[PDB]
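Q: Protein sequence lines correspond, in order, to chains P, B, R, G, U and V. Residue numbering for the first sequence follows PDB author numbering, beginning at 581 and increasing consecutively. Residue numbering for the second sequence follows PDB author numbering, beginning at 2270 and increasing consecutively. With PDB author numbering applied, the third sequence covers 11 to 19, 33 to 62, 71 to 118, 125 to 146. With PDB author numbering applied, the fourth sequence covers 146 to 148, 157 to 194. With PDB author numbering applied, the fifth sequence covers 2077 to 2109, 2121 to 2172. With PDB author numbering applied, the sixth sequence covers 2 to 64, 74 to 79, 83 to 133, 144 to 169, 182 to 209. Yeah, the Cβ is synthetic: ideal placement off N, Cα and C, and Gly gets one too. Mind looking over this structure? Questions follow.
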Amino acid sequence: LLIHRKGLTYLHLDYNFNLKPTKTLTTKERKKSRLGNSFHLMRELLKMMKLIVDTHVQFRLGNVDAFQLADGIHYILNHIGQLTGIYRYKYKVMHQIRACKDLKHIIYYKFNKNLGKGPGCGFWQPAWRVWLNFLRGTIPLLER
Amino acid sequence: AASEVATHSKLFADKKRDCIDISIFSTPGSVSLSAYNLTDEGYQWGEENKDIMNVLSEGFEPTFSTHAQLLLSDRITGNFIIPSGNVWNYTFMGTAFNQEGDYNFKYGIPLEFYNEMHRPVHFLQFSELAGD
Amino acid sequence: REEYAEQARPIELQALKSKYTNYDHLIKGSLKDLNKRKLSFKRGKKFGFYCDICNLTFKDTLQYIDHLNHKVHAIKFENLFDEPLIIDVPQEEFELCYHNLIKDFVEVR
Amino acid sequence: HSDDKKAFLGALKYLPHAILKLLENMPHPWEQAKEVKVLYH
Amino acid sequence: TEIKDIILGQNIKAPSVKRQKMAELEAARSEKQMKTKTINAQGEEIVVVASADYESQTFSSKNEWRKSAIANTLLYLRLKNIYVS
Amino acid sequence: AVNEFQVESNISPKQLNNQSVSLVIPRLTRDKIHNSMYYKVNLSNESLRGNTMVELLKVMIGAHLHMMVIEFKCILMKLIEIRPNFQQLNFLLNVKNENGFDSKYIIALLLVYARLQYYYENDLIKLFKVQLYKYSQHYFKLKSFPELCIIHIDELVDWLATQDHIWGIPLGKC
Ligand SMILES: [Zn+2]
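Shown next as structure tokens:
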């Protein structure tokens, strides 16, 4: 709705919120198609919504066992950097991401000490608390 | 050459063995009459080898074209026969030409290789250049 | 002079219709393909793509077809004669019409 | 409503406060499905 | 030109054939104010487009009907000298 | 486009799963079709005299065979946007057994159509699917292009229902 209100219909939003244009853009088109980092950021958070809600959908759906669900959320919240672009639109998120990786390593050790190494590390709590503590700060910014 | 010998063989295969050929070499300022014959091996070669066949032409070699005896005189004269449509050159008529097909013939004067009768496509293209 | 001041202040048409309706024949004005032709869109440019309904000729294809897809060209096309362009399915449409598609298809084939 | 702006003024005005609550209420891996209170427009 | 003829002519300065053709290419179409049908490709598209300016450079030198047909008139000259080995 | 306070992407009308009809196909490929020549010439309102399913079939039936399974993407897309009746789908599927050239390329067209339509009138749709299974057993051969690949109806129907994406368009699980 906000894109069409902007007056441009040729910017496609995936249902995963990834924004890509329909056709190649001329020099004039790119300038008009440029939107503030506010909008891109809100899109990125909605992409968090889409990712975690996708994971829980495929859990309620008969695809996946609960173990790979918790590993799913875990993988998301720690892997936000590669898996999503919030750090581009606001760089102060790197303090969060760098803190998410940190706790990440810690958990893996305490989790992987005896057993081995690989996927399947659960316990997504601390990184998730980190992200909630990111939103509570960045909500007034985007609301304004 | 191959394109000539093969054609010769296709014309005269079972029909006349001892018929001859006149190969006219033409260049600005003079022409040259090179007469040739053919033996029985060349007919076989032409029967087997029609399209392309450059290597079997190479192996074919100068043999067999034996130089036939030809003379040029002003003491006799002769005449032409031409097809009924009076277009002998089918260069730009690609659909109308048939390599084995019947044609009526008549005496007359033959036309130029590029002559108005032989180049009808050009007039429709010429007026079609301006169009309508 | 007075007339100038005042101005300042059939079956062939049905065949023309039959033309501008079916596009498969209308699609090709390109039969010249690559060819050189020696000689404000109004009353034709003597070249390009001919729209006789509004009397405009278009140098490009997307403008010629896009204009045809536009409402104004359809409004003029209707104002020429009738409004078939705007013209349920009570099963007789696919029964009778579809059967006419098979029948006419075999007739052409 | 799948397929009015004046009514969407406030609804669009606060999106992220809903992202907060929802992402905060995530069903924990030991919980199958979580019933939750919802204030919808 | 009379002066330059009596004395110099600037070493008789003549722009060469090159400088002539290039002086043609440099010069703009003096008066800015045919049409050819072409098929062109837009972005992810193929569109028939009417063109302009000069695509008209053509070679067609020794080939087709023109040059050989014009060359045919001289063929009576080839029988002035006739010899065989 | 529309001038005031909104910009409506393409037509996006009507019905079919409560959101919109044209949402079945991605924006990129959909605009490739709506910007393609074939769609602007042989289809939509000026070609079909408004939306008409039977004349829409006149286009595809009107199209060795030249049409290879672009044109198929487009004709399928207009089948979507028009969204005819499931009853008409039943008739068009099971009628005309006195001629063999009629359903030739219409098979996978009416097939991928209902494959895009709905996932579970319901029982009738299931009968349509099991009938398409019978025709997958009917042992038919056809050719398809984007490269060139000839594929058997048994491979394209089963591989299609079991497969996520088909010729670029994703599918859901019924
Ligand atoms: Zn018009």
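May I ask you to report which of helix, strand or coil DSSP gives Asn598/P?
A: Working through the first sequence from its first residue, we reach residue 598/P at position 18. It is coil, neither helix nor strand.
Q: Less than 8 angstroms separating the beta-carbons of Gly700/P and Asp645/P?
A: Taking the first residue of the first sequence as position 1, residue 700/P is located at position 120. Taking the first residue of the first sequence as position 1, residue 645/P is located at position 65. Cβ distance not < 8 angstroms, so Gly700/P and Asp645/P don't count as in contact.
Q: If the criterion is Cβ atoms closer than 8 angstroms, does the pair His2277/B and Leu2307/B meet it?
A: Locating residue 2277/B in the second sequence gives position 8, counting from the first residue. Locating residue 2307/B in the second sequence gives position 38, counting from the first residue. Closer than 8 angstroms, so yes.
Q: Can you list, in chain order, the residues of its chain with a C-beta nearer than 6 angstroms to that of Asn658/P? Leave out the 5 residues immediately preceding and following it.
A: If you number the first sequence from 1, residue 658/P lands on position 78. Counting only Cβ-Cβ distances below 6 angstroms, and skipping sequence neighbours, we find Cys680, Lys684, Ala707.
Q: Check whether the Cβ of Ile96/R lies closer than 7 angstroms to any heavy atom of ligand 1, and answer yes or no.
A: For this step, residue 96/R is matched to residue 65 along the third sequence. No.
Q: Give the DSSP-derived three-state secondary structure of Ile118/R in the structure shown.
A: By one-based count along the third sequence, residue 118/R stands at place 87. DSSP places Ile118/R in coil when its eight states are reduced to three.
Q: Could you please give me the residues that DSSP links to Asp91/R through a beta bridge?
A: Looking up residue 91/R in the third sequence gives position 60. Answer by DSSP bridge pairing, in chain order: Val2136/U.
Q: Can you name the residues of chain R whose CB is closer than 8 angstroms to the CB of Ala2137/U?
A: By one-based count along the fifth sequence, residue 2137/U stands at place 50. Those are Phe78, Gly79, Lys90, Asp91, listed as they occur along chain R.
Q: Does any C-beta atom of chain G lie closer than 8 angstroms to the C-beta of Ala650/P?
A: In the first sequence, residue 650/P corresponds to position 70, counting from 1. Answer yes: the Cβ-Cβ gap between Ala650/P and chain G drops below 8 angstroms somewhere.
Q: Locate the alpha helix (DSSP H) running through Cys87/V, then write down its first and last residues.
A: Residue mapping note: residue 87/V aligns to position 74 of the sixth sequence, counting from 1. Run containing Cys87/V: 84-95, per the alpha helix (DSSP H) assignment.
Q: So, is the C-beta of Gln130/V closer than 8 angstroms to a C-beta in chain R?
A: As a first step, residue 130/V is located in the sixth sequence; it is residue number 117 there, counting from the start. Not one chain R Cβ lies under 8 angstroms of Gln130/V.
Q: Rounded to whole angstroms, how far is the Cβ of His2336/B from the Cβ of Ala2304/B, which I believe are closer than 8 angstroms?
A: Translated into the one-based positions of the second sequence, residue 2336/B becomes position 67. Translated into the one-based positions of the second sequence, residue 2304/B becomes position 35. Yes, they are in contact, since the Cβ atoms of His2336/B and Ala2304/B sit about 6 angstroms apart, within 8 angstroms.
Q: Is the closest heavy atom of ligand 1 to the C-beta of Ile50/R under 7 angstroms?
A: For the purposes of this step, residue 50/R is taken as the residue at position 27 of the third sequence. No, since every heavy atom of ligand 1 falls outside the 7 angstroms radius drawn around the Cβ of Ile50/R.
Q: Hey, is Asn2150/U's beta-carbon within less than 8 angstroms of any beta-carbon in chain B?
A: One-based indexing of the fifth sequence puts residue 2150/U at position 63. No - not a single Cβ of chain B is within 8 angstroms of the one on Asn2150/U.
Q: Heavy atom of ligand 1 less than 7 angstroms from the Cβ of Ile34/R, yes or no?
A: In the third sequence, counting from the first residue as 1, residue 34/R sits at position 11. Checking every heavy atom of ligand 1 against the Cβ of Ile34/R, none is found closer than 7 angstroms.
Q: Just verifying my parser: in three-state terms, what is the DSSP assignment at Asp2290/B?
A: In the second sequence, the residue the question calls residue 2290/B occupies position 21. It is a strand residue.
Q: Ignoring anything shorter than 4 residues, give me the alpha helix (DSSP H) runs that lie fully in the stretch 604-687 of chain P, in order along the chain.
A: List check, alpha helix (DSSP H) in window: 607-613, 617-640, 646-663, 666-669.
Q: Around the C-beta of residue 570/P, are 16 or more other C-beta atoms found within 10 angstroms, so that it is buried, or is it exposed?
A: What the structure shows of chain P is the stretch from 581 to 724, and residue 570/P is not part of that stretch, so it cannot be assessed.
Q: Taking just the CA atoms, how far does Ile172/G sit from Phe151/V?
A: Within the sixth sequence, numbered from 1, the residue matching residue 151/V stands at position 128. Within the fourth sequence, numbered from 1, the residue matching residue 172/G stands at position 19. About 42 angstroms.
Q: Of all Cβ atoms in chain V, is any one closer than 8 angstroms to the Cβ of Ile2133/U?
A: As a working mapping, residue 2133/U is identified with position 46 in the fifth sequence. Closer than 8 angstroms to some Cβ of chain V, the Cβ of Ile2133/U qualifies, so yes.
Q: May I ask you to check if the CB of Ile119/V is nearer than 7 angstroms to at least one heavy atom of ligand 1?
A: Counted from its first residue, the sixth sequence places residue 119/V at position 106. False, no ligand heavy atom lies under 7 angstroms from that Cβ.
Q: For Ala2090/U, which residues in the same chain have their Cβ closer than 6 angstroms to its Cβ, ignoring the five residues on either side in sequence?
A: Working through the fifth sequence from its first residue, we reach residue 2090/U at position 14. None.
Q: Going by DSSP in three states, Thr2346/B sits in which element: helix, strand or coil?
A: Here residue 2346/B corresponds to residue number 77 of the second sequence, with the count starting at 1. Correct three-state label for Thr2346/B: coil.
Q: I'd like to know whether the C-beta of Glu723/P is nearer than 8 angstroms to at least one C-beta of chain G.
A: For the purposes of this step, residue 723/P is taken as the residue at position 143 of the first sequence. So, interface residue.
Q: Can you find a C-beta in chain G that's less than 8 angstroms from the C-beta of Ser10/V?
A: Against the sixth sequence, residue 10/V aligns to sequence position 9. No - not a single Cβ of chain G is within 8 angstroms of the one on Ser10/V.
Q: If you draw a straight line from the C-alpha of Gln130/V to the C-alpha of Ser37/V, how long is it?
A: Sequence index remark: in the sixth sequence, residue 130/V carries index 117 (1-based). Sequence index remark: in the sixth sequence, residue 37/V carries index 36 (1-based). Cα to Cα, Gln130/V sits roughly 23 angstroms from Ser37/V.
Q: Note down, in chain order, all residues in the stretch 684-702 of chain P with a beta-carbon under 7 angstroms from any beta-carbon belonging to chain V.
A: The stretch 684-702 of chain P vs chain V, Cβ under 7 angstroms: nothing.
Q: If you compare alpha carbons, which of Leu621/P, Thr607/P, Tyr667/P, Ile632/P is closest to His181/G?
A: In the fourth sequence, residue 181/G corresponds to position 28, counting from 1. Closest by alpha carbon: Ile632/P.
Q: Where do the N-terminal and C-terminal ends of the beta strand (DSSP E) with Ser2301/B fall, by residue?
A: Numbered from its first residue, the second sequence carries residue 2301/B at position 32. Note, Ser2301/B: beta strand (DSSP E), 2299-2305.
Q: Mapping DSSP to helix, strand and coil, what is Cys134/R?
A: For this step, residue 134/R is matched to residue 97 along the third sequence. It is helical.
Q: To the nearest angstrom, how far is the alpha carbon of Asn107/V from that of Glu130/R?
A: Your numbering for residue 107/V matches position 94 in the sixth sequence. Your numbering for residue 130/R matches position 93 in the third sequence. Rounded to the nearest angstrom, the two C-alpha atoms are 16 angstroms apart.
Q: What are the start and end residues of the beta strand (DSSP E) that includes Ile185/V?
A: In the sixth sequence, the residue the question calls residue 185/V occupies position 150. Start and end: 184-187.
Q: Would you say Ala196/V reaches chain P, if we count a Cβ-Cβ gap shorter than 8 angstroms as a contact?
A: Indexing the sixth sequence from 1 puts residue 196/V at position 161. Judged by the 8 angstroms Cβ criterion, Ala196/V is not in contact with chain P.
Q: Assign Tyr40/V to one of three DSSP states: helix, strand, or coil.
A: Position 39 of the sixth sequence, counting from 1, holds the residue named residue 40/V. Note: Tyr40/V maps to helix in three-state DSSP.
Q: What did DSSP end up calling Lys61/R once you bin it into helix, strand or coil?
A: The residue labelled residue 61/R in the question sits at position 38 within the third sequence. Here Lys61/R sits in coil by DSSP.
Q: From what residue to what residue does the alpha helix (DSSP H) around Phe2392/B run?
A: For this step, residue 2392/B is matched to residue 123 along the second sequence. 2389-2399 is the span of the alpha helix (DSSP H), which, as asked, contains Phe2392/B.
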